[PDB]
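Observations on chain architecture
The residues making up each chain are set out below.
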Amino acid sequence: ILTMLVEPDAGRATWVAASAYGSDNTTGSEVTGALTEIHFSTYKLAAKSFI
Amino acid sequence: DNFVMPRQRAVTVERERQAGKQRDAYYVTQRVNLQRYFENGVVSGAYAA
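In the PDB archive, cryo-EM is given as the structure determination method for this entry, at a resolution of 3.6 Å.

Structure (structure tokens):
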């Protein structure tokens, strides 16, 4: 088995209102994201004959 | 000359950065007091009650 890594999608920022300029909301929201993985595998093909 | 000025530390400024709000807080503190040696040596007048 071969395991590959897949990167997540994109987030977005926030437009802070003028009122919250001095509070702790000035930095805006937080963008989260986690990785993901996929897998590969194989199958077997065979045939025989006699003389 | 009956009064003194006990003091531990002078006036000190101290700035701090608060990146969570991008404000730059400023602090100034000092420690002082007013004490007299003996329980006498002051008189104050007053208006009529």
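Don't stop here, the text continues.
Before going further, it helps to examine unusual backbone geometry. Among all residues save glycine, negative phi is the norm, and among peptide bonds the norm is trans. Of note in this structure, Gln-22 of chain B is not a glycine but carries a positive phi near 60°. Relative to the helices and strands, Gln-22 of chain B resides in the loop between β2 (7–18) and β3 (23–32).

Taken together, the six residues of chain A in the interface contact five residues of chain B. Across the chain A/chain B interface, buried area totals approximately 330 Å², and carbon plus sulfur atoms make up 45% of it. On the surface where chain A and chain B come into contact, there are one residue pair in polar contact.

Moving on, we come to a nonpolar patch on the surface. All names here are of chain A. Residues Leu-2, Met-4, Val-6, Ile-38 and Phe-40 make up a contiguous nonpolar surface patch of about 440 Å² in total accessible area. Of all the secondary-structure elements, those providing two or more residues to the nonpolar patch are β1 (2–6) and β2 (36–40). Considering each element in turn, the nonpolar patch owes the most residues, three residues, to β1.

What follows covers the pattern of salt bridges. All names here are of chain B. Considering all chains together, one arrives at two salt bridges over all chains under this definition. The residue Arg-15 makes a salt bridge to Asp-24 at a minimum N-O spacing of 2.8 Å. With a closest N to O distance of 2.4 Å, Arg-17 and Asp-24 form a salt bridge. Looking at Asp-24, the relative accessible area reads 34%, which means it is partly exposed. Counted as one network, the salt bridges with shared partners bring together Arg-15, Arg-17 and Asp-24.

Parameters and conventions
Residues numbered from 1 in each chain as written, not as in the entry; some residues may be left out. Chains lettered and ligands numbered in written order. Part of a larger assembly, values for the part shown. Heavy atoms only, no water. Helix = DSSP H or I, 4+ residues; strand = E, 2+ residues; numbered from the N terminus. Contact = heavy atoms within 4.5 Å. Buried area = accessible area lost by both parts, 1.4 Å probe. Polar contact = N/O pair within 3.5 Å; in protein donor to acceptor, adjacent residues only side chain to side chain. Patch = residues over 30% accessible without salt bridge, like charges linked within 9 Å, V, L, I, M, F, W, Y side chains within 5 Å. Areas by Shrake-Rupley, 256 points an atom, 1.4 Å probe, with all protein chains shown as cover. Salt bridge = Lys/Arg side-chain N within 4 Å of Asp/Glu carboxyl O. Buried < 20%, exposed > 50% of the residue type's maximum accessible area, 1.4 Å probe, protein only.

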